[PDB]
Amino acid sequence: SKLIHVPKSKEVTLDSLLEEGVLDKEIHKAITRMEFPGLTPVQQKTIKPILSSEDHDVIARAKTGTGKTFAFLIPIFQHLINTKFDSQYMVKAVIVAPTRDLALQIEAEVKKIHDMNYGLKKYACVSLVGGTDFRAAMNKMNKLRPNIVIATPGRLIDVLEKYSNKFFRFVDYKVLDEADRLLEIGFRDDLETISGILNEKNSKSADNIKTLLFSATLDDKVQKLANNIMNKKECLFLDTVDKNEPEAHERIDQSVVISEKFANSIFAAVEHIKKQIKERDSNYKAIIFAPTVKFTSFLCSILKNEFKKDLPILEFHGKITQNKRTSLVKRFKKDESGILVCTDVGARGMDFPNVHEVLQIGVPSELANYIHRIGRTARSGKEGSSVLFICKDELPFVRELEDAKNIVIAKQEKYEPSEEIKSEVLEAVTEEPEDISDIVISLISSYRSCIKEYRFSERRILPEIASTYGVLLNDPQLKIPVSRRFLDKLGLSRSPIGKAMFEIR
């Protein structure tokens, strides 16, 4: 399929698009009432193309915290006004996202447009997301008969394989927010299933639907991955970023804290926070990322016993009930201060206003997710910083980050923990030995799955991680007790590394 690039011009505004006749009046009052300084560079660049009379797809790219949501959300409402008479009781646009909380966020943003103009409520919206009651959603779908659907791939398929002919038979638009992630292995087959059904069911033709791709991390390789879900002949790559320019935002003051062992990053983080609390007199809003659910829960337990007196500590990951997930996302959105301890569920898309800095103990599940992680701060013209707490074996990450992502940390700092602090932390650990083992084993699993990606040294990285088990009990010489059946189940029985991390007990 045809593909054209349009790098970064004359300014565009709300009023302007009102004169050009590309945007209806009822939509103008909505964004106008929000009282923004003006349209984001990406929003100016993308809005008119999407409504173009030409049959074409788009793969826009813009840095984090730069109104990419409204950048596609506004055209939807425009197209919905331009077709209010034809098939009013049918879905005309489907938005897909990697995480549940993000899909609900995009919905909440549609609900903001509805608040800035009651005349737009006619174009109802429903979110089709896992974790929520299935029957209730369909009941809401029948009642409201929405024109906009916002879903997660899994739940969407469940609905599509049961109620396609009823609602999704006249879809005209299809949005992939965080497109790259949605085109990765594990989501690509799901998306190809979404696309195929919508195109097979579309009343006009199997190429009627136009596709919109959005993300802070994109190149031309995604067009190849998306070639199976893109129906139009021509495709427009709108980029508000130079080719070699870092995809990471420039307003982010990035730093990295290198350390001897892995466990020492925990002590480093607590020290950074403890300092940042006293230095800001509480009044501190931060997000702390971790590589594992079990280590997230563990890390949260530490910060509770350490900082619960000063700030609230919020645990956030996939093993938390969806009710609680939604609940805490709401709170942290309006909370002036607090520590959000989370996995990579909160890496992409999620918008928490005025978060001072982003912390990272370890590495993300994806190289690209580093750009998305620090992207949680410095949003909407705001400022922010980011600390990366790693050890002396995770440098290939920082290196590979420089090679590929074209991102290097300006501020490098070494760290070694004092003795007085280890006592403070290692005393505040209610976890039993058997439980601690599960926390470590999970980190080993985690860090092995990204040795190829991050160019780690399986030889020296894996033993260093597993050695944390000794540290947490204050016995470095000690190893993790495990049966010969499990050790062999890992496959490390063939490697010398196996004996360097475990003990057959």
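In this text, residue numbers run from 1 along the sequence as written. So that the term is clear: the rigid core is the largest set of C-alpha atoms that superpose within 1.5 Å between two forms.
S.K.: Find the stretch among 442 to 450 and 52 to 60 with the larger RMS C-alpha deviation in 8 other deposited structures of this protein, all structures being superposed on the shown form by the rigid core.
M.R.: Stretch with the higher C-alpha RMS distance in 8 other deposited structures of this protein: 52 to 60.
S.K.: How many residues sit between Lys2 and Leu3 in the deposited sequence but have no coordinates: none, 1 to 3, 4 to 9, or 10 or more?
M.R.: Unresolved stretch here: none.
S.K.: Averaging C-alpha B-factors over each stretch, which comes out higher, 251 to 259 or 286 to 294?
M.R.: Looking at the recorded C-alpha B-factors, 251 to 259 comes out higher on average.
S.K.: On mean Cα temperature factor in this entry, is 42 to 50 or 473 to 481 the higher one?
M.R.: Taking the mean C-alpha B-factor of 42 to 50 and of 473 to 481, the larger value falls to 473 to 481.
S.K.: Could you tell me which one of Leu236, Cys300, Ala268, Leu156 shows the highest CA temperature factor in the PDB record?
M.R.: Largest recorded C-alpha B-factor: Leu236.
S.K.: If you compare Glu245, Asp344, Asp189, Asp351, which has the highest Cα B-factor in the entry?
M.R.: Among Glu245, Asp344, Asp189, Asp351, the highest C-alpha B-factor in the entry belongs to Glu245.
S.K.: Taking the values exactly as deposited, rank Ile81 by C-alpha B-factor within its chain and report the matching third: lowest, middle or highest.
M.R.: For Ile81, whose C-alpha B-factor we compare with every modelled residue in the chain, the answer is the middle third.
S.K.: So where's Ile436 on the chain's Cα temperature factor ranking, which third?
M.R.: Within its chain, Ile436 is a middle-third residue by C-alpha B-factor, going by the deposited values.
S.K.: Of the three thirds of its chain by CA temperature factor, lowest, middle or highest, which one includes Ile465?
M.R.: Highest third.
S.K.: Test of reading the entry: by CA B factor among the chain's modelled residues, which third contains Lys330?
M.R.: Tercile = lowest for this residue's CA B-factor.
S.K.: Based on the entry's values, in what third of the chain does the Cα temperature factor of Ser195 lie: lowest, middle or highest?
M.R.: For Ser195, whose C-alpha B-factor we compare with every modelled residue in the chain, the answer is the lowest third.
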